[PDB]
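J.: File entry-v9.cif below, mmCIF, C-alpha atoms; chains and numbers go by the auth columns:
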data_input
loop_
_atom_site.group_PDB
_atom_site.id
_atom_site.type_symbol
_atom_site.label_atom_id
_atom_site.label_comp_id
_atom_site.label_asym_id
_atom_site.label_seq_id
_atom_site.Cartn_x
_atom_site.Cartn_y
_atom_site.Cartn_z
_atom_site.B_iso_or_equiv
_atom_site.auth_seq_id
_atom_site.auth_asym_id
ATOM 1 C CA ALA A 1 12.385 47.372 17.760 0.00 2 B
ATOM 2 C CA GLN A 2 15.456 47.495 15.417 0.00 3 B
ATOM 3 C CA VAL A 3 14.206 45.183 12.599 0.00 4 B
ATOM 4 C CA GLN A 4 10.661 46.142 11.420 0.00 5 B
ATOM 5 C CA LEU A 5 8.226 43.532 10.049 0.00 6 B
ATOM 6 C CA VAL A 6 5.672 44.295 7.375 0.00 7 B
ATOM 7 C CA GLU A 7 2.927 41.682 7.401 0.00 8 B
ATOM 8 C CA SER A 8 0.706 40.822 4.399 0.00 9 B
ATOM 9 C CA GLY A 9 -1.651 38.009 3.378 0.00 10 B
ATOM 10 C CA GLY A 10 -4.737 36.491 4.975 0.00 11 B
ATOM 11 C CA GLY A 11 -8.350 36.861 3.920 0.00 12 B
ATOM 12 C CA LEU A 12 -11.375 34.572 3.781 0.00 13 B
ATOM 13 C CA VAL A 13 -11.258 30.949 2.721 0.00 14 B
ATOM 14 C CA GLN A 14 -13.442 27.861 2.899 0.00 15 B
ATOM 15 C CA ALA A 15 -12.600 25.044 5.298 0.00 16 B
ATOM 16 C CA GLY A 16 -10.074 22.790 3.682 0.00 17 B
ATOM 17 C CA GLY A 17 -8.524 25.669 1.812 0.00 18 B
ATOM 18 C CA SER A 18 -5.111 27.355 1.935 0.00 19 B
ATOM 19 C CA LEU A 19 -3.730 30.864 2.555 0.00 20 B
ATOM 20 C CA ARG A 20 -0.186 32.171 2.900 0.00 21 B
ATOM 21 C CA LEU A 21 0.955 34.933 5.258 0.00 22 B
ATOM 22 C CA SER A 22 4.151 36.904 4.599 0.00 23 B
ATOM 23 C CA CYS A 23 6.312 39.040 6.830 0.00 24 B
ATOM 24 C CA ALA A 24 8.899 41.248 5.026 0.00 25 B
ATOM 25 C CA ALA A 25 11.668 42.469 7.300 0.00 26 B
ATOM 26 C CA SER A 26 13.547 45.781 7.057 0.00 27 B
ATOM 27 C CA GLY A 27 16.861 43.855 7.377 0.00 28 B
ATOM 28 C CA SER A 28 18.385 40.402 8.002 0.00 29 B
ATOM 29 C CA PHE A 29 16.924 38.488 10.905 0.00 30 B
ATOM 30 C CA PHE A 30 18.242 34.935 10.442 0.00 31 B
ATOM 31 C CA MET A 31 20.438 35.597 13.546 0.00 32 B
ATOM 32 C CA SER A 32 17.272 35.792 15.791 0.00 33 B
ATOM 33 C CA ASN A 33 17.005 32.815 18.122 0.00 34 B
ATOM 34 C CA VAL A 34 13.235 32.738 17.498 0.00 35 B
ATOM 35 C CA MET A 35 11.408 33.604 14.226 0.00 36 B
ATOM 36 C CA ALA A 36 7.747 32.931 14.743 0.00 37 B
ATOM 37 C CA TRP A 37 4.051 33.166 13.963 0.00 38 B
ATOM 38 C CA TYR A 38 1.501 33.788 16.709 0.00 39 B
ATOM 39 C CA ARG A 39 -2.345 33.332 16.721 0.00 40 B
ATOM 40 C CA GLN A 40 -4.906 35.399 18.708 0.00 41 B
ATOM 41 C CA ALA A 41 -8.592 34.272 18.584 0.00 42 B
ATOM 42 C CA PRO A 42 -11.223 36.953 19.665 0.00 43 B
ATOM 43 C CA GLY A 43 -11.551 36.333 23.424 0.00 44 B
ATOM 44 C CA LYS A 44 -8.245 34.467 23.840 0.00 45 B
ATOM 45 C CA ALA A 45 -4.590 35.086 24.741 0.00 46 B
ATOM 46 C CA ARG A 46 -2.015 35.314 21.894 0.00 47 B
ATOM 47 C CA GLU A 47 -0.160 32.142 21.522 0.00 48 B
ATOM 48 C CA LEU A 48 2.944 30.958 19.451 0.00 49 B
ATOM 49 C CA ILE A 49 1.947 28.396 16.735 0.00 50 B
ATOM 50 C CA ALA A 50 5.097 27.974 14.592 0.00 51 B
ATOM 51 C CA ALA A 51 8.738 28.957 14.874 0.00 52 B
ATOM 52 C CA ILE A 52 12.115 28.554 13.323 0.00 53 B
ATOM 53 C CA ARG A 53 14.878 28.284 15.907 0.00 54 B
ATOM 54 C CA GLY A 54 17.583 30.832 15.061 0.00 55 B
ATOM 55 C CA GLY A 55 20.712 28.774 14.489 0.00 56 B
ATOM 56 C CA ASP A 56 20.133 25.142 13.457 0.00 57 B
ATOM 57 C CA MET A 57 17.110 26.133 11.496 0.00 58 B
ATOM 58 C CA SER A 58 14.884 23.515 13.090 0.00 59 B
ATOM 59 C CA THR A 59 11.155 24.133 13.377 0.00 60 B
ATOM 60 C CA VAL A 60 8.522 23.727 16.036 0.00 61 B
ATOM 61 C CA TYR A 61 4.755 23.671 15.627 0.00 62 B
ATOM 62 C CA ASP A 62 2.009 23.765 18.211 0.00 63 B
ATOM 63 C CA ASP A 63 -0.040 20.494 18.155 0.00 64 B
ATOM 64 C CA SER A 64 -3.081 22.488 16.888 0.00 65 B
ATOM 65 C CA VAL A 65 -1.364 23.294 13.536 0.00 66 B
ATOM 66 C CA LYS A 66 1.322 20.644 13.073 0.00 67 B
ATOM 67 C CA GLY A 67 1.088 18.822 9.710 0.00 68 B
ATOM 68 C CA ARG A 68 -1.185 21.588 8.251 0.00 69 B
ATOM 69 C CA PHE A 69 0.963 24.750 8.599 0.00 70 B
ATOM 70 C CA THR A 70 4.548 25.287 7.436 0.00 71 B
ATOM 71 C CA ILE A 71 6.950 28.077 8.404 0.00 72 B
ATOM 72 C CA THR A 72 9.732 29.072 5.911 0.00 73 B
ATOM 73 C CA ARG A 73 12.151 31.979 5.465 0.00 74 B
ATOM 74 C CA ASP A 74 13.919 33.519 2.482 0.00 75 B
ATOM 75 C CA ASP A 75 17.112 35.395 3.451 0.00 76 B
ATOM 76 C CA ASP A 76 17.519 36.881 -0.069 0.00 77 B
ATOM 77 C CA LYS A 77 14.171 38.736 0.269 0.00 78 B
ATOM 78 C CA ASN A 78 14.247 38.737 4.160 0.00 79 B
ATOM 79 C CA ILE A 79 10.727 37.321 4.265 0.00 80 B
ATOM 80 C CA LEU A 80 9.216 34.924 6.825 0.00 81 B
ATOM 81 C CA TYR A 81 6.234 32.885 5.544 0.00 82 B
ATOM 82 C CA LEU A 82 3.400 30.876 7.040 0.00 83 B
ATOM 83 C CA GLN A 83 1.744 28.508 4.534 0.00 84 B
ATOM 84 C CA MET A 84 -1.576 27.442 5.963 0.00 85 B
ATOM 85 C CA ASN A 85 -3.199 24.352 4.470 0.00 86 B
ATOM 86 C CA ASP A 86 -6.271 22.474 5.409 0.00 87 B
ATOM 87 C CA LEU A 87 -7.796 25.315 7.128 0.00 88 B
ATOM 88 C CA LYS A 88 -10.554 24.888 9.724 0.00 89 B
ATOM 89 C CA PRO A 89 -13.093 27.335 11.253 0.00 90 B
ATOM 90 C CA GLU A 90 -11.105 27.064 14.483 0.00 91 B
ATOM 91 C CA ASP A 91 -8.100 28.666 12.742 0.00 92 B
ATOM 92 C CA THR A 92 -10.125 31.935 12.453 0.00 93 B
ATOM 93 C CA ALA A 93 -7.967 34.536 14.265 0.00 94 B
ATOM 94 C CA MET A 94 -5.577 37.447 13.948 0.00 95 B
ATOM 95 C CA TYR A 95 -2.041 36.282 13.026 0.00 96 B
ATOM 96 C CA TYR A 96 1.202 38.037 13.939 0.00 97 B
ATOM 97 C CA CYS A 97 4.824 37.509 13.061 0.00 98 B
ATOM 98 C CA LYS A 98 7.701 38.243 15.449 0.00 99 B
ATOM 99 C CA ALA A 99 11.413 37.564 15.615 0.00 100 B
ATOM 100 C CA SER A 100 13.818 38.010 18.569 0.00 101 B
ATOM 101 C CA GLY A 101 14.774 41.696 18.661 0.00 102 B
ATOM 102 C CA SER A 102 12.305 42.675 15.862 0.00 103 B
ATOM 103 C CA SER A 103 9.079 44.641 16.219 0.00 104 B
ATOM 104 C CA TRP A 104 5.734 42.783 15.849 0.00 105 B
ATOM 105 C CA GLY A 105 4.074 42.430 12.431 0.00 106 B
ATOM 106 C CA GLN A 106 0.734 44.195 12.238 0.00 107 B
ATOM 107 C CA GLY A 107 -1.993 41.676 12.848 0.00 108 B
ATOM 108 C CA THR A 108 -3.759 40.018 9.855 0.00 109 B
ATOM 109 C CA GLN A 109 -7.151 38.415 9.886 0.00 110 B
ATOM 110 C CA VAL A 110 -7.691 34.885 8.615 0.00 111 B
ATOM 111 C CA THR A 111 -11.350 33.841 8.476 0.00 112 B
ATOM 112 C CA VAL A 112 -12.314 30.268 7.637 0.00 113 B
ATOM 113 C CA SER A 113 -15.964 29.714 6.600 0.00 114 B
ATOM 114 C CA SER A 114 -17.987 26.429 7.119 0.00 115 B
ATOM 115 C CA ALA B 1 -8.135 22.738 27.977 0.00 2 P
ATOM 116 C CA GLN B 2 -7.595 19.035 28.941 0.00 3 P
ATOM 117 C CA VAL B 3 -4.356 19.374 31.000 0.00 4 P
ATOM 118 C CA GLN B 4 -4.612 22.183 33.631 0.00 5 P
ATOM 119 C CA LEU B 5 -1.542 24.165 34.759 0.00 6 P
ATOM 120 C CA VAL B 6 -1.141 25.535 38.254 0.00 7 P
ATOM 121 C CA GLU B 7 1.449 28.301 38.287 0.00 8 P
ATOM 122 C CA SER B 8 3.462 29.369 41.369 0.00 9 P
ATOM 123 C CA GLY B 9 6.590 31.417 42.095 0.00 10 P
ATOM 124 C CA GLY B 10 7.617 34.975 41.284 0.00 11 P
ATOM 125 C CA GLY B 11 7.870 37.937 43.622 0.00 12 P
ATOM 126 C CA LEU B 12 10.234 40.881 44.013 0.00 13 P
ATOM 127 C CA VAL B 13 13.981 40.673 43.598 0.00 14 P
ATOM 128 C CA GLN B 14 16.926 43.007 43.130 0.00 15 P
ATOM 129 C CA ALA B 15 18.640 43.291 39.756 0.00 16 P
ATOM 130 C CA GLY B 16 21.166 40.537 39.443 0.00 17 P
ATOM 131 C CA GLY B 17 19.061 38.207 41.526 0.00 18 P
ATOM 132 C CA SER B 18 17.241 34.942 40.794 0.00 19 P
ATOM 133 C CA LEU B 19 13.666 33.608 41.011 0.00 20 P
ATOM 134 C CA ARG B 20 12.112 30.330 39.907 0.00 21 P
ATOM 135 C CA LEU B 21 8.624 29.893 38.445 0.00 22 P
ATOM 136 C CA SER B 22 6.831 26.530 38.568 0.00 23 P
ATOM 137 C CA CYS B 23 3.911 25.148 36.627 0.00 24 P
ATOM 138 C CA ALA B 24 2.346 21.927 38.040 0.00 25 P
ATOM 139 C CA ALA B 25 0.226 20.062 35.519 0.00 26 P
ATOM 140 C CA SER B 26 -2.885 17.972 36.232 0.00 27 P
ATOM 141 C CA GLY B 27 -1.406 15.146 34.083 0.00 28 P
ATOM 142 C CA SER B 28 1.495 14.213 31.770 0.00 29 P
ATOM 143 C CA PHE B 29 2.325 16.753 29.108 0.00 30 P
ATOM 144 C CA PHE B 30 5.721 15.633 27.771 0.00 31 P
ATOM 145 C CA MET B 31 3.858 14.640 24.539 0.00 32 P
ATOM 146 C CA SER B 32 3.063 18.372 23.807 0.00 33 P
ATOM 147 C CA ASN B 33 5.016 19.677 20.832 0.00 34 P
ATOM 148 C CA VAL B 34 5.539 22.974 22.696 0.00 35 P
ATOM 149 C CA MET B 35 6.015 23.446 26.483 0.00 36 P
ATOM 150 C CA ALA B 36 6.678 27.091 27.110 0.00 37 P
ATOM 151 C CA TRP B 37 6.961 30.240 29.193 0.00 38 P
ATOM 152 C CA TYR B 38 5.552 33.544 27.958 0.00 39 P
ATOM 153 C CA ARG B 39 6.204 37.165 29.165 0.00 40 P
ATOM 154 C CA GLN B 40 3.719 40.099 29.103 0.00 41 P
ATOM 155 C CA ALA B 41 5.037 43.574 30.131 0.00 42 P
ATOM 156 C CA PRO B 42 2.310 46.204 31.095 0.00 43 P
ATOM 157 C CA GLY B 43 1.559 47.894 27.748 0.00 44 P
ATOM 158 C CA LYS B 44 2.949 45.105 25.539 0.00 45 P
ATOM 159 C CA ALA B 45 1.829 41.973 23.671 0.00 46 P
ATOM 160 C CA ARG B 46 2.482 38.545 25.286 0.00 47 P
ATOM 161 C CA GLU B 47 5.459 36.928 23.814 0.00 48 P
ATOM 162 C CA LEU B 48 7.118 33.390 24.068 0.00 49 P
ATOM 163 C CA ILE B 49 10.538 33.549 25.859 0.00 50 P
ATOM 164 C CA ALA B 50 11.509 29.886 26.429 0.00 51 P
ATOM 165 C CA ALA B 51 10.273 26.519 25.229 0.00 52 P
ATOM 166 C CA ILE B 52 11.001 22.853 25.213 0.00 53 P
ATOM 167 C CA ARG B 53 10.160 21.218 21.896 0.00 54 P
ATOM 168 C CA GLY B 54 7.927 18.203 22.562 0.00 55 P
ATOM 169 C CA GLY B 55 9.860 15.242 21.202 0.00 56 P
ATOM 170 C CA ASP B 56 13.648 15.693 21.009 0.00 57 P
ATOM 171 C CA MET B 57 13.610 17.735 24.138 0.00 58 P
ATOM 172 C CA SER B 58 15.612 20.576 22.630 0.00 59 P
ATOM 173 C CA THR B 59 15.158 24.105 23.939 0.00 60 P
ATOM 174 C CA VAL B 60 14.742 27.534 22.444 0.00 61 P
ATOM 175 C CA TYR B 61 15.168 30.902 24.129 0.00 62 P
ATOM 176 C CA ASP B 62 14.319 34.372 22.916 0.00 63 P
ATOM 177 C CA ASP B 63 17.509 36.511 22.536 0.00 64 P
ATOM 178 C CA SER B 64 16.289 38.740 25.430 0.00 65 P
ATOM 179 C CA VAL B 65 16.637 35.887 27.994 0.00 66 P
ATOM 180 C CA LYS B 66 19.110 33.423 26.487 0.00 67 P
ATOM 181 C CA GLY B 67 22.027 32.586 28.827 0.00 68 P
ATOM 182 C CA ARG B 68 20.111 33.973 31.884 0.00 69 P
ATOM 183 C CA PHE B 69 16.911 31.853 31.938 0.00 70 P
ATOM 184 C CA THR B 70 16.612 28.059 31.847 0.00 71 P
ATOM 185 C CA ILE B 71 13.522 25.952 31.142 0.00 72 P
ATOM 186 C CA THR B 72 13.321 22.398 32.649 0.00 73 P
ATOM 187 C CA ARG B 73 10.627 19.763 33.201 0.00 74 P
ATOM 188 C CA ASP B 74 10.155 16.939 35.689 0.00 75 P
ATOM 189 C CA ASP B 75 7.868 14.164 34.374 0.00 76 P
ATOM 190 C CA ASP B 76 7.722 12.420 37.795 0.00 77 P
ATOM 191 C CA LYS B 77 6.074 15.517 39.363 0.00 78 P
ATOM 192 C CA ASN B 78 4.673 16.829 35.978 0.00 79 P
ATOM 193 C CA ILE B 79 6.167 20.254 36.647 0.00 80 P
ATOM 194 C CA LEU B 80 7.573 22.755 34.127 0.00 81 P
ATOM 195 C CA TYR B 81 10.111 25.234 35.577 0.00 82 P
ATOM 196 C CA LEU B 82 11.617 28.560 34.587 0.00 83 P
ATOM 197 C CA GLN B 83 14.821 29.392 36.503 0.00 84 P
ATOM 198 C CA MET B 84 15.502 33.075 36.081 0.00 85 P
ATOM 199 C CA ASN B 85 19.013 34.293 36.853 0.00 86 P
ATOM 200 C CA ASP B 86 20.612 37.632 36.476 0.00 87 P
ATOM 201 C CA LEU B 87 17.441 39.446 36.550 0.00 88 P
ATOM 202 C CA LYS B 88 17.073 42.971 35.146 0.00 89 P
ATOM 203 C CA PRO B 89 14.399 45.692 35.607 0.00 90 P
ATOM 204 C CA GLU B 90 13.373 45.009 32.010 0.00 91 P
ATOM 205 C CA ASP B 91 12.324 41.469 33.004 0.00 92 P
ATOM 206 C CA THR B 92 9.505 43.002 35.143 0.00 93 P
ATOM 207 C CA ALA B 93 6.302 41.436 33.729 0.00 94 P
ATOM 208 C CA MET B 94 3.560 38.875 34.180 0.00 95 P
ATOM 209 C CA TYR B 95 4.763 35.342 33.294 0.00 96 P
ATOM 210 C CA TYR B 96 2.604 32.511 31.967 0.00 97 P
ATOM 211 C CA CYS B 97 3.193 28.865 31.237 0.00 98 P
ATOM 212 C CA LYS B 98 1.479 26.979 28.406 0.00 99 P
ATOM 213 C CA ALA B 99 1.828 23.631 26.690 0.00 100 P
ATOM 214 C CA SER B 100 0.209 22.407 23.437 0.00 101 P
ATOM 215 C CA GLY B 101 -3.316 21.267 24.325 0.00 102 P
ATOM 216 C CA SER B 102 -3.075 22.497 27.974 0.00 103 P
ATOM 217 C CA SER B 103 -4.839 25.478 29.522 0.00 104 P
ATOM 218 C CA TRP B 104 -2.774 28.606 30.380 0.00 105 P
ATOM 219 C CA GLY B 105 -1.120 28.964 33.800 0.00 106 P
ATOM 220 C CA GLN B 106 -2.493 31.871 35.791 0.00 107 P
ATOM 221 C CA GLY B 107 -0.201 34.821 35.348 0.00 108 P
ATOM 222 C CA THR B 108 2.523 35.529 37.975 0.00 109 P
ATOM 223 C CA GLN B 109 4.210 38.823 38.595 0.00 110 P
ATOM 224 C CA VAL B 110 7.987 39.144 38.631 0.00 111 P
ATOM 225 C CA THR B 111 9.229 42.583 39.692 0.00 112 P
ATOM 226 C CA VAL B 112 12.917 43.456 39.492 0.00 113 P
ATOM 227 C CA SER B 113 14.024 46.531 41.499 0.00 114 P
ATOM 228 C CA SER B 114 17.021 48.851 40.608 0.00 115 P
#
Render the structure in this file as structure tokens.
T.:
Amino acid sequence: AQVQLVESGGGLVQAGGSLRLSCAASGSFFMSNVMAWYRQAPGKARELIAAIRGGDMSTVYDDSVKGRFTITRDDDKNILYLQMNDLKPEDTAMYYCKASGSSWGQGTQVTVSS
Amino acid sequence: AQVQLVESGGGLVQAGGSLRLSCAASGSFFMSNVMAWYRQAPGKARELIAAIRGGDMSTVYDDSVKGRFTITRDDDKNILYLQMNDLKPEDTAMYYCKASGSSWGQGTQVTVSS
């Protein structure tokens, strides 16, 4: 859908650890009302966990990740980031990026061991 | 998940028309960082379209619905609403409500005819 998102990052980390996800866009997307990261656990619905609101640049985080995850965006490189800190086994899921009008990032796996 | 959401509303409407969706919670949820409505078209991923950010009460809308849809919340009744105006065939989808820490609303169908 117009702007394409190439997702990278993820892997396997111990609880308490950190991982960063990246989402490189094919063009500018700072004009999107919503620039977000979504989480989908195995038998669960996909759900938004972090977003930048296109315009005032304010952020929103779901209670489950607030204070541990941080969403940022670099308009020089046209990259949206998700810095995950203090990871927990419950954060194990496929992660997707999406912006208003853009296509979805391909899902990445994040696995958090005991 | 702690607070339960009972979804109601939807139906069939002509393009240009209006419908309201409601989501009655089992308890207070104004403390949720995210109070939102999500859209899932038949062969597509679920996606957030409108949210109230728990705290400052500011809103965010995906570009696809901004200026046509409005999200509101009544803390006396503990109901989250989505007022949909100027409906288009492309808005045809299953709609779900969700708040941080709450369970998902059961999906409702909204069908917009020619």
J.: When you draw a straight line from atom CA of residue 68 of chain B to atom CA of residue 24 of chain P, how long is it in Å?
T.: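 Rounded to one decimal, the two atoms are 27.8 Å apart.
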J.: Which residues match the PyMOL selection byres ((chain P) within 7 of (chain B)) in the file above, as a VMD selection string?
T.: chain P and resid 33 to 35 47 49 54 61 to 64 101
J.: Which residue is closest to residue 82 of chain P? Choose from P:28, P:18, P:108, P:10 and count only C-alpha atoms.
T.: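 Checking each candidate against residue 82 of chain P, we get P:10 as the closest.
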J.: Please report the interatomic distance between atom CA of residue 13 of chain P and atom CA of residue 110 of chain P in Å with one decimal.
T.: 8.4 Å
J.: Please identify all polymer residues within 7 Å of residue 7 of chain P, counting all atoms listed in the file, omitting same-chain residues fewer than 6 positions from it, and present them as an NGL selection string.
T.: :P and (24-26 or 106-107)
J.: Could you work out an axis-aligned bounding box for all listed atoms of segment 91-107 of chain B, with 8 Å added on each of the six sides, and give its centre and edge lengths in Å to one decimal, as JSON?
T.:
{"center_x": 1.8, "center_y": 35.9, "center_z": 15.4, "size_x": 41.9, "size_y": 33.6, "size_z": 22.4}
J.: Find the residues around residue 89 of chain P up to 9 Å (all atoms listed in the file counted), leave out those fewer than 6 positions away in its own chain, and share them as a list in words.
T.: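 Near neighbours after the sequence-gap exclusion: residues 15, 16, 17, 18, 113, 114 and 115 of chain P.
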J.: Using the chain letters and numbers from the file, which residues does the PyMOL selection byres ((chain B and resi 93) around 6) grab, as a ChimeraX atom specification?
T.: /B:90-92,94,111-113
J.: Suppose you want the space between atom CA of residue 96 of chain B and atom CA of residue 38 of chain B; what is it in Å?
T.: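 Pair atom CA of residue 96 of chain B / atom CA of residue 38 of chain B returns 6.9 Å.
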J.: Between P:5, P:27, P:71, P:104, which residue has the minimum interatomic distance to residue 86 of chain P, considering only C-alpha atoms?
T.: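 Result for the nearest residue to residue 86 of chain P: P:71.
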J.: Restricting the calculation to all atoms listed in the file: of B:9, B:59, B:41, B:29, which residue gets closest to residue 103 of chain B?
T.: B:29
J.: Counting all atoms listed in the file, write as a list in words all protein and nucleic acid residues lying at most 12 Å from (18.5, 31.3, 38.7) in the file's frame.
T.: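 Every residue inside that radius is included here: residues 11, 14, 17, 18, 19, 20, 21, 22, 66, 68, 69, 70, 71, 72, 73, 82, 83, 84, 85, 86, 87 and 88 of chain P.
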J.: Could you complete segment 78-94 of chain B so that it carries N, CA and C atoms, and give it back as a PDB file, in the coordinates of the input?
T.:
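New file result.pdb:
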ATOM      1  N   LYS B  78      15.237  37.737   0.182  1.00  0.00           N
ATOM      2  CA  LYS B  78      14.171  38.736   0.269  1.00  0.00           C
ATOM      3  C   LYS B  78      13.926  39.227   1.700  1.00  0.00           C
ATOM      4  N   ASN B  79      14.442  38.487   2.721  1.00  0.00           N
ATOM      5  CA  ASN B  79      14.247  38.737   4.160  1.00  0.00           C
ATOM      6  C   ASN B  79      12.754  38.665   4.461  1.00  0.00           C
ATOM      7  N   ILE B  80      12.155  37.547   4.055  1.00  0.00           N
ATOM      8  CA  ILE B  80      10.727  37.321   4.265  1.00  0.00           C
ATOM      9  C   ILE B  80      10.502  36.012   5.028  1.00  0.00           C
ATOM     10  N   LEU B  81       9.647  36.077   6.053  1.00  0.00           N
ATOM     11  CA  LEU B  81       9.216  34.924   6.825  1.00  0.00           C
ATOM     12  C   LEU B  81       7.810  34.578   6.323  1.00  0.00           C
ATOM     13  N   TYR B  82       7.542  33.287   6.058  1.00  0.00           N
ATOM     14  CA  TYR B  82       6.234  32.885   5.544  1.00  0.00           C
ATOM     15  C   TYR B  82       5.544  31.910   6.475  1.00  0.00           C
ATOM     16  N   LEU B  83       4.205  31.902   6.397  1.00  0.00           N
ATOM     17  CA  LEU B  83       3.400  30.876   7.040  1.00  0.00           C
ATOM     18  C   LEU B  83       2.439  30.356   5.967  1.00  0.00           C
ATOM     19  N   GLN B  84       2.637  29.110   5.533  1.00  0.00           N
ATOM     20  CA  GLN B  84       1.744  28.508   4.534  1.00  0.00           C
ATOM     21  C   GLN B  84       0.727  27.739   5.350  1.00  0.00           C
ATOM     22  N   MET B  85      -0.532  28.119   5.226  1.00  0.00           N
ATOM     23  CA  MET B  85      -1.576  27.442   5.963  1.00  0.00           C
ATOM     24  C   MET B  85      -2.337  26.592   4.980  1.00  0.00           C
ATOM     25  N   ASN B  86      -2.435  25.304   5.280  1.00  0.00           N
ATOM     26  CA  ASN B  86      -3.199  24.352   4.470  1.00  0.00           C
ATOM     27  C   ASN B  86      -4.242  23.676   5.337  1.00  0.00           C
ATOM     28  N   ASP B  87      -5.110  23.194   4.860  1.00  0.00           N
ATOM     29  CA  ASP B  87      -6.271  22.474   5.409  1.00  0.00           C
ATOM     30  C   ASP B  87      -6.867  23.248   6.592  1.00  0.00           C
ATOM     31  N   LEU B  88      -7.251  24.385   6.154  1.00  0.00           N
ATOM     32  CA  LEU B  88      -7.796  25.315   7.128  1.00  0.00           C
ATOM     33  C   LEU B  88      -9.127  24.885   7.701  1.00  0.00           C
ATOM     34  N   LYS B  89      -9.358  25.251   8.968  1.00  0.00           N
ATOM     35  CA  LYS B  89     -10.554  24.888   9.724  1.00  0.00           C
ATOM     36  C   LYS B  89     -11.161  26.127  10.337  1.00  0.00           C
ATOM     37  N   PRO B  90     -12.497  26.150  10.607  1.00  0.00           N
ATOM     38  CA  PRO B  90     -13.093  27.335  11.253  1.00  0.00           C
ATOM     39  C   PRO B  90     -12.370  27.729  12.550  1.00  0.00           C
ATOM     40  N   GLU B  91     -11.801  26.771  13.248  1.00  0.00           N
ATOM     41  CA  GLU B  91     -11.105  27.064  14.483  1.00  0.00           C
ATOM     42  C   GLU B  91      -9.790  27.818  14.292  1.00  0.00           C
ATOM     43  N   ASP B  92      -9.290  27.888  13.057  1.00  0.00           N
ATOM     44  CA  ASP B  92      -8.100  28.666  12.742  1.00  0.00           C
ATOM     45  C   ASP B  92      -8.423  30.152  12.566  1.00  0.00           C
ATOM     46  N   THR B  93      -9.721  30.532  12.595  1.00  0.00           N
ATOM     47  CA  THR B  93     -10.125  31.935  12.453  1.00  0.00           C
ATOM     48  C   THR B  93      -9.493  32.740  13.588  1.00  0.00           C
ATOM     49  N   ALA B  94      -8.674  33.744  13.256  1.00  0.00           N
ATOM     50  CA  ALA B  94      -7.967  34.536  14.265  1.00  0.00           C
ATOM     51  C   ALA B  94      -7.158  35.595  13.591  1.00  0.00           C
TER      52      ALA B  94
END
